[PDB]
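Quick look at run39.txt (compact mmCIF, C-alpha atoms and all ligand atoms):
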# COMPACT_ATOMS: atom_id res chain seq x y z
CA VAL A 3 2.44 18.33 11.27
CA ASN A 4 3.77 14.78 10.83
CA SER A 5 7.18 13.13 10.41
CA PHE A 6 7.21 12.20 6.62
CA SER A 7 10.11 13.86 4.75
CA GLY A 8 11.07 14.61 1.14
CA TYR A 9 7.63 13.93 -0.26
CA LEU A 10 6.31 15.70 -3.32
CA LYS A 11 2.77 16.98 -2.78
CA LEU A 12 0.44 15.84 -5.55
CA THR A 13 -2.92 17.01 -4.26
CA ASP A 14 -4.41 18.35 -1.03
CA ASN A 15 -4.05 14.87 0.51
CA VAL A 16 -1.72 12.72 -1.67
CA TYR A 17 2.08 12.80 -1.45
CA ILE A 18 4.67 10.70 -3.34
CA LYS A 19 8.33 9.74 -2.94
CA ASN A 20 10.93 7.45 -4.32
CA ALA A 21 11.53 5.24 -1.30
CA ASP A 22 11.69 1.67 -0.08
CA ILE A 23 8.51 1.30 1.99
CA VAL A 24 10.33 -1.02 4.41
CA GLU A 25 13.04 1.57 5.11
CA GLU A 26 10.51 4.37 5.20
CA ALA A 27 8.45 2.38 7.57
CA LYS A 28 11.34 1.57 9.92
CA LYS A 29 12.35 5.25 10.09
CA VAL A 30 9.02 6.87 10.26
CA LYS A 31 7.13 4.21 12.49
CA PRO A 32 3.92 5.42 10.93
CA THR A 33 0.62 4.66 12.61
CA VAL A 34 -0.42 2.66 9.50
CA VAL A 35 1.64 0.98 6.80
CA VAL A 36 -0.34 -0.55 3.92
CA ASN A 37 0.58 -3.99 2.63
CA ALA A 38 -0.16 -5.05 -0.95
CA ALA A 39 -1.78 -8.27 0.22
CA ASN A 40 -3.48 -11.20 -1.48
CA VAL A 41 -6.67 -12.81 -0.16
CA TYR A 42 -4.71 -15.60 1.58
CA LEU A 43 -2.26 -13.18 3.26
CA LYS A 44 0.57 -15.23 1.75
CA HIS A 45 3.38 -12.66 1.80
CA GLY A 46 5.72 -14.26 -0.64
CA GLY A 47 7.00 -11.45 -2.81
CA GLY A 48 6.64 -7.89 -3.93
CA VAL A 49 5.85 -5.38 -1.21
CA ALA A 50 4.31 -8.09 0.98
CA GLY A 51 7.33 -10.35 0.84
CA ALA A 52 9.62 -7.41 1.61
CA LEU A 53 7.50 -6.19 4.54
CA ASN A 54 7.19 -9.70 5.91
CA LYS A 55 10.95 -10.34 5.60
CA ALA A 56 11.61 -7.13 7.55
CA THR A 57 9.42 -8.51 10.40
CA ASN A 58 11.47 -11.74 10.52
CA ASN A 59 8.33 -13.64 9.35
CA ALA A 60 6.23 -12.45 12.32
CA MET A 61 3.78 -10.85 9.87
CA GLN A 62 3.27 -14.24 8.18
CA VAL A 63 2.77 -16.05 11.50
CA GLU A 64 0.14 -13.53 12.59
CA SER A 65 -1.49 -13.66 9.15
CA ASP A 66 -1.75 -17.46 9.15
CA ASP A 67 -3.62 -17.32 12.47
CA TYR A 68 -5.92 -14.61 11.04
CA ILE A 69 -6.80 -16.76 8.01
CA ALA A 70 -7.27 -19.90 10.10
CA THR A 71 -9.86 -18.01 12.16
CA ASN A 72 -11.55 -15.81 9.53
CA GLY A 73 -10.92 -17.32 6.10
CA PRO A 74 -9.66 -15.36 3.11
CA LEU A 75 -10.19 -11.69 2.46
CA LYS A 76 -12.22 -10.41 -0.50
CA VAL A 77 -10.52 -8.86 -3.50
CA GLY A 78 -11.01 -5.15 -2.76
CA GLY A 79 -11.08 -5.84 0.98
CA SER A 80 -8.72 -5.38 3.90
CA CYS A 81 -7.91 -6.23 7.48
CA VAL A 82 -5.97 -4.43 10.22
CA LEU A 83 -3.20 -6.44 11.87
CA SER A 84 -0.06 -5.57 13.80
CA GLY A 85 2.62 -3.39 12.24
CA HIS A 86 5.29 -5.35 14.15
CA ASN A 87 8.62 -3.46 14.07
CA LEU A 88 7.55 -1.33 11.08
CA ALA A 89 4.44 0.60 12.19
CA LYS A 90 1.75 0.56 14.84
CA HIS A 91 -0.67 -1.21 12.47
CA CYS A 92 -0.52 -2.86 9.07
CA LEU A 93 -3.55 -2.41 6.84
CA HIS A 94 -3.48 -5.45 4.52
CA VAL A 95 -5.33 -4.35 1.36
CA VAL A 96 -6.13 -6.67 -1.56
CA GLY A 97 -6.04 -4.94 -4.91
CA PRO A 98 -7.05 -6.94 -7.99
CA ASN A 99 -4.26 -9.00 -9.53
CA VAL A 100 -4.38 -8.60 -13.32
CA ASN A 101 -2.04 -11.65 -13.55
CA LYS A 102 -4.98 -13.61 -12.03
CA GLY A 103 -7.75 -12.05 -14.23
CA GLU A 104 -9.43 -9.96 -11.47
CA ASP A 105 -11.56 -7.01 -12.32
CA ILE A 106 -9.66 -3.72 -12.30
CA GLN A 107 -12.72 -1.87 -11.21
CA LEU A 108 -12.12 -3.47 -7.79
CA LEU A 109 -9.10 -1.18 -7.48
CA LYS A 110 -11.36 1.70 -6.39
CA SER A 111 -12.93 -0.52 -3.70
CA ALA A 112 -9.42 -1.44 -2.51
CA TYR A 113 -8.39 2.21 -2.14
CA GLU A 114 -11.63 3.00 -0.24
CA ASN A 115 -10.18 1.04 2.69
CA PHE A 116 -7.61 3.83 3.12
CA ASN A 117 -10.39 6.28 4.08
CA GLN A 118 -10.81 4.52 7.43
CA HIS A 119 -7.36 5.85 8.49
CA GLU A 120 -6.37 9.49 8.89
CA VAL A 121 -2.76 9.03 7.69
CA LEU A 122 -1.10 6.11 5.87
CA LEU A 123 2.21 5.09 4.32
CA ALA A 124 1.30 3.02 1.29
CA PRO A 125 2.42 1.47 -1.96
CA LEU A 126 0.47 1.89 -5.15
CA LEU A 127 -2.18 -0.83 -5.02
CA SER A 128 -2.15 -3.45 -7.78
CA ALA A 129 1.22 -2.14 -9.06
CA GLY A 130 4.39 -4.23 -9.31
CA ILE A 131 3.75 -7.98 -9.47
CA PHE A 132 -0.02 -7.39 -9.30
CA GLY A 133 0.21 -6.33 -12.93
CA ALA A 134 -1.79 -3.09 -13.11
CA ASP A 135 -0.59 0.14 -14.71
CA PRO A 136 0.89 2.22 -11.83
CA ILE A 137 -0.16 5.47 -13.53
CA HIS A 138 -3.76 4.25 -13.45
CA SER A 139 -3.41 3.12 -9.92
CA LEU A 140 -2.18 6.60 -8.99
CA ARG A 141 -5.20 8.21 -10.68
CA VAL A 142 -7.62 5.94 -8.80
CA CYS A 143 -5.77 6.68 -5.56
CA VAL A 144 -6.05 10.45 -6.05
CA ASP A 145 -9.72 10.20 -7.04
CA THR A 146 -10.69 7.82 -4.18
CA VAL A 147 -8.61 8.43 -1.07
CA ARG A 148 -9.59 11.49 0.98
CA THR A 149 -7.32 10.86 3.98
CA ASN A 150 -3.62 11.71 3.95
CA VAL A 151 -1.62 9.16 1.98
CA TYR A 152 2.16 9.04 1.58
CA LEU A 153 2.99 6.84 -1.42
CA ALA A 154 6.35 5.09 -1.43
CA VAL A 155 7.49 4.10 -4.92
CA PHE A 156 10.49 1.76 -4.90
CA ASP A 157 11.59 2.22 -8.53
CA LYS A 158 13.18 5.60 -9.26
CA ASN A 159 12.45 5.33 -12.98
CA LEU A 160 8.79 4.67 -12.22
CA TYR A 161 8.64 7.49 -9.67
CA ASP A 162 9.82 9.95 -12.44
CA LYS A 163 7.30 8.73 -14.83
CA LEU A 164 4.36 8.97 -12.47
CA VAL A 165 5.26 12.55 -11.52
CA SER A 166 5.94 13.73 -15.08
CA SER A 167 2.63 12.33 -16.38
CA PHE A 168 0.47 13.42 -13.42
CA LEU A 169 -2.56 15.52 -14.29
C1 LIG B 201 4.61 0.21 -8.65
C2 LIG B 201 4.40 -0.75 -7.48
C3 LIG B 201 5.69 -1.23 -6.82
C4 LIG B 201 5.26 -2.09 -5.62
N1 LIG B 201 6.39 -2.71 -4.95
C5 LIG B 201 7.04 -1.97 -3.89
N2 LIG B 201 6.65 -0.73 -3.65
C6 LIG B 201 7.22 -0.02 -2.69
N3 LIG B 201 8.19 -0.51 -1.96
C7 LIG B 201 8.64 -1.78 -2.15
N4 LIG B 201 9.59 -2.53 -1.55
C8 LIG B 201 9.62 -3.73 -2.14
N5 LIG B 201 8.69 -3.76 -3.10
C9 LIG B 201 8.08 -2.55 -3.13
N6 LIG B 201 6.47 -2.07 -7.71
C10 LIG B 201 7.74 -1.65 -8.27
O1 LIG B 201 8.19 -0.57 -8.02
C11 LIG B 201 8.49 -2.63 -9.17
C12 LIG B 201 9.05 -2.02 -10.45
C13 LIG B 201 7.99 -1.57 -11.45
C14 LIG B 201 8.66 -1.30 -12.79
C15 LIG B 201 7.94 -2.00 -13.94
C16 LIG B 201 6.44 -1.76 -13.91
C17 LIG B 201 5.85 -2.20 -12.59
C18 LIG B 201 6.93 -2.64 -11.61

This entry written out as structure tokens:
Amino acid sequence: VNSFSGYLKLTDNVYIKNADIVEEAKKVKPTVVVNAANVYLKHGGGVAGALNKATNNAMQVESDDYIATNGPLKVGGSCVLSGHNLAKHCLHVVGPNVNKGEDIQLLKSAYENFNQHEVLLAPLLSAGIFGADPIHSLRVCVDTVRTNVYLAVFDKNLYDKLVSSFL
């Protein structure tokens, strides 16, 4: 038993809700919140900008030190950093950005990072400003992640569409 509420159960291990991940994170305090990161951990907009804003820019400060030490992530890769006031940990995961020409097949590799964590609150990778089809992203999620994932979908219209078209 865990503390997530009002989720719809999609599969054995995937759940979905219409929620603001920032507000869900601050209420739940999950062990892991996933950020829709880029390779530079520049959290300027989308989910990343919203999560970073909710940390009062502490996420960005920590991220800049991470990059200065380690260099950029790989597309499809991840790193674990602090969750600040939102979660114990933040798993920064880089899905391919279609608006940058990156290969969509890397979306499966991105979701594989979730399997290193027993339970996660997450957005749909490569959705939103990353330019992928969120329905596709949901299919890859369901077919790749084996751990328990609670998907927060900000847009109510999108949430209805994803549920109604789910196979
Ligand atoms: C689907 C991925 C999410 C990722 N962004 C966030 N996801 C969760 N919580 C957040 N808080 C702040 N941002 C987010 N994007 C959207 O919902 C934008 C609207 C749709 C509608 C048109 C087609 C794609 C974009």

Residue with the minimum atom-to-atom distance to ligand LIG 201 (chain B), picked from A:112, A:16, A:129, A:41 with all atoms listed in the file counted, is A:129

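Take atom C18 of ligand LIG 201 (chain B) and CA of residue 78 in chain A: the distance between them is 20.2 Å.
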
Nearby polymer residues, ligand LIG 201 (chain B), at most 8 Å, only C-alpha atoms and all ligand atoms, as a PyMOL selection string:
chain A and resi 21-24+38+47-53+124-131+133-136+154-157+159-160

Can you write out the residues you just picked, keeping C-alpha atoms, as an mmCIF file, in the coordinates of the input?
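Result went into selection.cif, see below:
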data_model
loop_
_atom_site.group_PDB
_atom_site.id
_atom_site.type_symbol
_atom_site.label_atom_id
_atom_site.label_comp_id
_atom_site.auth_asym_id
_atom_site.auth_seq_id
_atom_site.Cartn_x
_atom_site.Cartn_y
_atom_site.Cartn_z
ATOM 1 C CA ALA A 21 11.530 5.240 -1.300
ATOM 2 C CA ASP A 22 11.690 1.670 -0.080
ATOM 3 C CA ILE A 23 8.510 1.300 1.990
ATOM 4 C CA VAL A 24 10.330 -1.020 4.410
ATOM 5 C CA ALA A 38 -0.160 -5.050 -0.950
ATOM 6 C CA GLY A 47 7.000 -11.450 -2.810
ATOM 7 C CA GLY A 48 6.640 -7.890 -3.930
ATOM 8 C CA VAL A 49 5.850 -5.380 -1.210
ATOM 9 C CA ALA A 50 4.310 -8.090 0.980
ATOM 10 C CA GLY A 51 7.330 -10.350 0.840
ATOM 11 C CA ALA A 52 9.620 -7.410 1.610
ATOM 12 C CA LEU A 53 7.500 -6.190 4.540
ATOM 13 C CA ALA A 124 1.300 3.020 1.290
ATOM 14 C CA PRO A 125 2.420 1.470 -1.960
ATOM 15 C CA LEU A 126 0.470 1.890 -5.150
ATOM 16 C CA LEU A 127 -2.180 -0.830 -5.020
ATOM 17 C CA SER A 128 -2.150 -3.450 -7.780
ATOM 18 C CA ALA A 129 1.220 -2.140 -9.060
ATOM 19 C CA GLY A 130 4.390 -4.230 -9.310
ATOM 20 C CA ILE A 131 3.750 -7.980 -9.470
ATOM 21 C CA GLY A 133 0.210 -6.330 -12.930
ATOM 22 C CA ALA A 134 -1.790 -3.090 -13.110
ATOM 23 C CA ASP A 135 -0.590 0.140 -14.710
ATOM 24 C CA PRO A 136 0.890 2.220 -11.830
ATOM 25 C CA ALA A 154 6.350 5.090 -1.430
ATOM 26 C CA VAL A 155 7.490 4.100 -4.920
ATOM 27 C CA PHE A 156 10.490 1.760 -4.900
ATOM 28 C CA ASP A 157 11.590 2.220 -8.530
ATOM 29 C CA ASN A 159 12.450 5.330 -12.980
ATOM 30 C CA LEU A 160 8.790 4.670 -12.220
#

Report as a PyMOL selection string all protein, DNA and RNA residues lying within 12 Å of residue 84 in chain A, evaluated on all atoms listed in the file, omitting residues in the same chain fewer than 2 positions from it.
chain A and resi 33-37+53-54+57+60-65+68+81-82+86-94

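One finds CA of residue 113 in chain A at 14.6 Å from CA of residue 132 in chain A.
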
Polymer residues at most 12 Å from residue 11 in chain A, all atoms listed in the file, same-chain spacing of 6 or more positions, as a ChimeraX atom specification:
/A:17-19,144,150-153,165,168

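For the pair CA of residue 146 in chain A and CA of residue 163 in chain A, the interatomic distance is 20.9 Å.
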
Taking all atoms of range 86-100 of chain A that the file lists and extending 6 Å past them on each side, where is the centre of the axis-aligned box and how long are its edges? Answer in Å to one decimal, as AutoDock Vina command-line options.
--center_x 0.8 --center_y -4.2 --center_z 0.8 --size_x 27.7 --size_y 21.6 --size_z 40.2

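Look at range 116-119 of chain A: the protein and nucleic acid residues within 7 Å of it, using all atoms listed in the file and passing over chain neighbours fewer than 4 places away, are residues 147, 148 and 149 of chain A.
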
Residues at most 9 Å from residue 66 in chain A, counting all atoms listed in the file, excluding those fewer than 5 positions away in the same chain, as JSON, numbers by chain?
{"A": [42, 43, 44, 61, 71]}

Residue 98 in chain A surroundings by all atoms listed in the file, 7 Å radius, close-in-sequence under 5 positions cut, as a ChimeraX atom specification:
/A:77-78,104-106,108-109,128

What would the file look like if the residues just selected were written as a short mmCIF file (atom, residue, chain, number, x, y, z; two decimals), in the coordinates of the input with C-alpha atoms?
data_model
loop_
_atom_site.label_atom_id
_atom_site.label_comp_id
_atom_site.auth_asym_id
_atom_site.auth_seq_id
_atom_site.Cartn_x
_atom_site.Cartn_y
_atom_site.Cartn_z
CA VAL A 77 -10.52 -8.86 -3.50
CA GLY A 78 -11.01 -5.15 -2.76
CA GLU A 104 -9.43 -9.96 -11.47
CA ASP A 105 -11.56 -7.01 -12.32
CA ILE A 106 -9.66 -3.72 -12.30
CA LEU A 108 -12.12 -3.47 -7.79
CA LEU A 109 -9.10 -1.18 -7.48
CA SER A 128 -2.15 -3.45 -7.78
#
